[PDB]
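One structure below.
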Amino acid sequence: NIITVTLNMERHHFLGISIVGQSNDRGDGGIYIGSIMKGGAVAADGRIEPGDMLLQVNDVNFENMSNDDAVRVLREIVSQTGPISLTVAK
Ligand SMILES: CC1=C(CC(=O)O)c2cc(F)ccc2/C1=C\c1ccc([S@@](C)=O)cc1
């Protein structure tokens with residue numbers, strides 16, 4: 001079940017979701033949500049929970065990107081201004 005959530009970065013300063021990259025023999029393990037930090041934008045939503053997979057983040061797609069690279073691009077968005085839309089795979 002793919003769900004897209006729009007986090008408000010006006011009142012929230014951090015998302016509160018530690019990204020965990022899944023590493024294996026191949027490498028396309030993808031990035032998943034580790035833990036949610038109370039006080040973050042994600043904790044204000046509720047649809048995202050530990051174990052959710054990040055697919056698309058503000059138009060950008062991480063499904064065919066490296067785990068590390070996904071976080072690289074993600075950091076550019078997370079350290080920017082504007083609404084952050086997270087597309088998770090539950
Ligand atoms: C909690 C958390 C957030 C969201 C937030 O709380 O605002 C986040 C955003 C990013 F763009 C990158 C990393 C993180 C993070 C925890 C963590 C995950 C991976 C790394 S390594 C893969 O660089 C380090 C730390």
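Residue numbering restarts at 1 for every chain of the structure tokens, chains are lettered A, B, ... in their displayed order, and ligands are numbered from 1 as they appear.
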Can you pull out every residue within 10 Å of region 76-84 of chain A, counting only C-alpha atoms, but drop anything in the same chain fewer than 6 positions away, and send it as a list in words? residues 5, 6, 7, 8, 9, 10, 13, 14, 15, 41, 57, 58, 59 and 60 of chain A
Keeping only N, CA, C and O atoms, take the residues you just selected and write them out as a PDB file, in the first residue's frame.
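Output below, filename part29.pdb:
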```pdb
ATOM      1  N   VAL A   5       2.502  11.248   1.827  1.00  0.00           N
ATOM      2  CA  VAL A   5       2.196  12.191   2.896  1.00  0.00           C
ATOM      3  C   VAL A   5       2.909  13.521   2.669  1.00  0.00           C
ATOM      4  O   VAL A   5       4.059  13.553   2.232  1.00  0.00           O
ATOM      5  N   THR A   6       2.219  14.613   2.937  1.00  0.00           N
ATOM      6  CA  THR A   6       2.803  15.934   2.780  1.00  0.00           C
ATOM      7  C   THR A   6       3.101  16.531   4.149  1.00  0.00           C
ATOM      8  O   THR A   6       2.191  16.917   4.885  1.00  0.00           O
ATOM      9  N   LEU A   7       4.376  16.596   4.487  1.00  0.00           N
ATOM     10  CA  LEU A   7       4.797  17.116   5.776  1.00  0.00           C
ATOM     11  C   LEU A   7       4.953  18.630   5.744  1.00  0.00           C
ATOM     12  O   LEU A   7       5.489  19.192   4.788  1.00  0.00           O
ATOM     13  N   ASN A   8       4.478  19.276   6.798  1.00  0.00           N
ATOM     14  CA  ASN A   8       4.562  20.723   6.923  1.00  0.00           C
ATOM     15  C   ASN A   8       5.898  21.108   7.541  1.00  0.00           C
ATOM     16  O   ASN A   8       6.162  20.795   8.702  1.00  0.00           O
ATOM     17  N   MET A   9       6.730  21.788   6.769  1.00  0.00           N
ATOM     18  CA  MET A   9       8.048  22.196   7.244  1.00  0.00           C
ATOM     19  C   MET A   9       8.041  23.637   7.739  1.00  0.00           C
ATOM     20  O   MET A   9       9.097  24.240   7.927  1.00  0.00           O
ATOM     21  N   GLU A  10       6.851  24.189   7.937  1.00  0.00           N
ATOM     22  CA  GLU A  10       6.718  25.553   8.430  1.00  0.00           C
ATOM     23  C   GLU A  10       6.777  25.549   9.953  1.00  0.00           C
ATOM     24  O   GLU A  10       7.512  26.323  10.570  1.00  0.00           O
ATOM     25  N   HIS A  13      10.656  21.521  12.123  1.00  0.00           N
ATOM     26  CA  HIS A  13      12.025  21.773  11.699  1.00  0.00           C
ATOM     27  C   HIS A  13      12.697  20.485  11.248  1.00  0.00           C
ATOM     28  O   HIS A  13      13.592  20.508  10.406  1.00  0.00           O
ATOM     29  N   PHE A  14      12.267  19.365  11.815  1.00  0.00           N
ATOM     30  CA  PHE A  14      12.822  18.069  11.453  1.00  0.00           C
ATOM     31  C   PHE A  14      11.703  17.067  11.209  1.00  0.00           C
ATOM     32  O   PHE A  14      10.592  17.227  11.716  1.00  0.00           O
ATOM     33  N   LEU A  15      11.997  16.040  10.428  1.00  0.00           N
ATOM     34  CA  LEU A  15      11.007  15.027  10.099  1.00  0.00           C
ATOM     35  C   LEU A  15      10.871  14.011  11.227  1.00  0.00           C
ATOM     36  O   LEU A  15       9.772  13.542  11.522  1.00  0.00           O
ATOM     37  N   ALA A  41       7.998  16.147  11.937  1.00  0.00           N
ATOM     38  CA  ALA A  41       6.870  16.299  11.024  1.00  0.00           C
ATOM     39  C   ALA A  41       6.139  14.981  10.799  1.00  0.00           C
ATOM     40  O   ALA A  41       4.918  14.960  10.648  1.00  0.00           O
ATOM     41  N   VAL A  57      10.340  10.999  -3.069  1.00  0.00           N
ATOM     42  CA  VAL A  57      10.388  12.115  -2.131  1.00  0.00           C
ATOM     43  C   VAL A  57      10.409  13.432  -2.892  1.00  0.00           C
ATOM     44  O   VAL A  57      11.451  13.849  -3.395  1.00  0.00           O
ATOM     45  N   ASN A  58       9.254  14.074  -2.981  1.00  0.00           N
ATOM     46  CA  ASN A  58       9.131  15.341  -3.695  1.00  0.00           C
ATOM     47  C   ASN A  58       9.548  15.173  -5.153  1.00  0.00           C
ATOM     48  O   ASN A  58      10.523  15.782  -5.605  1.00  0.00           O
ATOM     49  N   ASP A  59       8.829  14.293  -5.855  1.00  0.00           N
ATOM     50  CA  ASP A  59       9.052  14.005  -7.282  1.00  0.00           C
ATOM     51  C   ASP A  59      10.259  13.096  -7.533  1.00  0.00           C
ATOM     52  O   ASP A  59      10.212  12.238  -8.419  1.00  0.00           O
ATOM     53  N   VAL A  60      11.339  13.275  -6.777  1.00  0.00           N
ATOM     54  CA  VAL A  60      12.532  12.449  -6.967  1.00  0.00           C
ATOM     55  C   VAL A  60      12.251  10.995  -6.589  1.00  0.00           C
ATOM     56  O   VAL A  60      11.524  10.713  -5.634  1.00  0.00           O
TER      57      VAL A  60
END
```
Neighbouring residues of ligand 1 are defined here as those with any atom at most 7 Å from a ligand atom, counting only C-alpha atoms and all ligand atoms; list them as a ChimeraX atom specification. /A:14-21,37,40,68,71-72,74-76,78
Where in chain A does DSSP assign alpha helix (DSSP H), given as a list in words? residues 67, 68, 69, 70, 71, 72, 73, 74, 75, 76, 77 and 78 of chain A
Filtering to N, CA, C and O atoms, could you give me those residues as a PDB file, in the first residue's frame?
```pdb
ATOM      1  N   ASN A  67      21.349   3.208  -1.960  1.00  0.00           N
ATOM      2  CA  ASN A  67      20.903   3.525  -0.600  1.00  0.00           C
ATOM      3  C   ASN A  67      21.530   4.824  -0.114  1.00  0.00           C
ATOM      4  O   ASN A  67      20.836   5.733   0.349  1.00  0.00           O
ATOM      5  N   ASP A  68      22.848   4.902  -0.235  1.00  0.00           N
ATOM      6  CA  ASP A  68      23.594   6.083   0.179  1.00  0.00           C
ATOM      7  C   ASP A  68      23.200   7.292  -0.651  1.00  0.00           C
ATOM      8  O   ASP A  68      23.014   8.387  -0.123  1.00  0.00           O
ATOM      9  N   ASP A  69      23.058   7.077  -1.954  1.00  0.00           N
ATOM     10  CA  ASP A  69      22.699   8.146  -2.880  1.00  0.00           C
ATOM     11  C   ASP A  69      21.311   8.690  -2.576  1.00  0.00           C
ATOM     12  O   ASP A  69      21.060   9.888  -2.716  1.00  0.00           O
ATOM     13  N   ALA A  70      20.419   7.806  -2.157  1.00  0.00           N
ATOM     14  CA  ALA A  70      19.063   8.194  -1.809  1.00  0.00           C
ATOM     15  C   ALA A  70      19.091   9.177  -0.648  1.00  0.00           C
ATOM     16  O   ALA A  70      18.407  10.199  -0.668  1.00  0.00           O
ATOM     17  N   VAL A  71      19.914   8.867   0.348  1.00  0.00           N
ATOM     18  CA  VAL A  71      20.062   9.724   1.517  1.00  0.00           C
ATOM     19  C   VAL A  71      20.734  11.039   1.125  1.00  0.00           C
ATOM     20  O   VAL A  71      20.407  12.099   1.666  1.00  0.00           O
ATOM     21  N   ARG A  72      21.660  10.962   0.168  1.00  0.00           N
ATOM     22  CA  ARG A  72      22.370  12.140  -0.322  1.00  0.00           C
ATOM     23  C   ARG A  72      21.378  13.158  -0.874  1.00  0.00           C
ATOM     24  O   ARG A  72      21.352  14.315  -0.450  1.00  0.00           O
ATOM     25  N   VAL A  73      20.548  12.709  -1.810  1.00  0.00           N
ATOM     26  CA  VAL A  73      19.545  13.570  -2.424  1.00  0.00           C
ATOM     27  C   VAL A  73      18.492  13.979  -1.398  1.00  0.00           C
ATOM     28  O   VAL A  73      18.024  15.123  -1.395  1.00  0.00           O
ATOM     29  N   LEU A  74      18.132  13.043  -0.524  1.00  0.00           N
ATOM     30  CA  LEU A  74      17.145  13.302   0.516  1.00  0.00           C
ATOM     31  C   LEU A  74      17.606  14.445   1.415  1.00  0.00           C
ATOM     32  O   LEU A  74      16.823  15.329   1.755  1.00  0.00           O
ATOM     33  N   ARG A  75      18.885  14.434   1.775  1.00  0.00           N
ATOM     34  CA  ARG A  75      19.447  15.469   2.632  1.00  0.00           C
ATOM     35  C   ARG A  75      19.320  16.844   1.991  1.00  0.00           C
ATOM     36  O   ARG A  75      19.093  17.831   2.685  1.00  0.00           O
ATOM     37  N   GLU A  76      19.447  16.907   0.672  1.00  0.00           N
ATOM     38  CA  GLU A  76      19.328  18.172  -0.043  1.00  0.00           C
ATOM     39  C   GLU A  76      17.911  18.727   0.078  1.00  0.00           C
ATOM     40  O   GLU A  76      17.711  19.941   0.143  1.00  0.00           O
ATOM     41  N   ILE A  77      16.933  17.834   0.114  1.00  0.00           N
ATOM     42  CA  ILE A  77      15.538  18.235   0.237  1.00  0.00           C
ATOM     43  C   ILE A  77      15.212  18.567   1.692  1.00  0.00           C
ATOM     44  O   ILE A  77      14.565  19.569   1.987  1.00  0.00           O
ATOM     45  N   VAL A  78      15.700  17.721   2.594  1.00  0.00           N
ATOM     46  CA  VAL A  78      15.480  17.883   4.031  1.00  0.00           C
ATOM     47  C   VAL A  78      16.140  19.164   4.557  1.00  0.00           C
ATOM     48  O   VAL A  78      15.669  19.770   5.519  1.00  0.00           O
TER      49      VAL A  78
END
```
Selection near residue 54 (chain A), 6 Å with only C-alpha atoms, sequence-local residues under 3 positions removed, as a list in words: residues 31, 32 and 88 of chain A
Write out as a PyMOL selection string which residues come within 8 Å of residue 2 (chain A) when counting only C-alpha atoms, dropping same-chain ones fewer than 4 positions away. chain A and resi 87-90
Now that the selection is made, can you save its residues with C-alpha atoms as a short mmCIF file (atom, residue, chain, number, x, y, z; two decimals), in the first residue's frame?
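Result file is out-v3.cif:
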```cif
data_model
loop_
_atom_site.label_atom_id
_atom_site.label_comp_id
_atom_site.auth_asym_id
_atom_site.auth_seq_id
_atom_site.Cartn_x
_atom_site.Cartn_y
_atom_site.Cartn_z
CA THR A 87 5.80 8.46 -0.76
CA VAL A 88 6.06 5.35 1.41
CA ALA A 89 5.49 1.71 0.56
CA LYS A 90 3.59 -0.10 3.28
#
```
From the options A:24, A:35, A:86, A:29, which residue's atoms come nearest to residue 55 (chain A), counting only C-alpha atoms?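 Under the stated criterion, the closest residue is A:86.
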If you run DSSP on this backbone, which residues of chain A come out as strand (DSSP E), and could you give them as a ChimeraX atom specification? /A:2-7,17-21,31-36,53-57,60-61,84-89
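Counting only C-alpha atoms, the residue from A:48, A:11, A:3, A:30 that sits nearest to residue 63 (chain A) is A:30.
Of the listed residues A:51, A:26, A:85, A:42, the one whose atoms come nearest to residue 66 (chain A) is A:26, with distances taken using only C-alpha atoms.
With CA of residue 34 (chain A) on one side and CA of residue 47 (chain A) on the other, the separation reads 14.3 Å.
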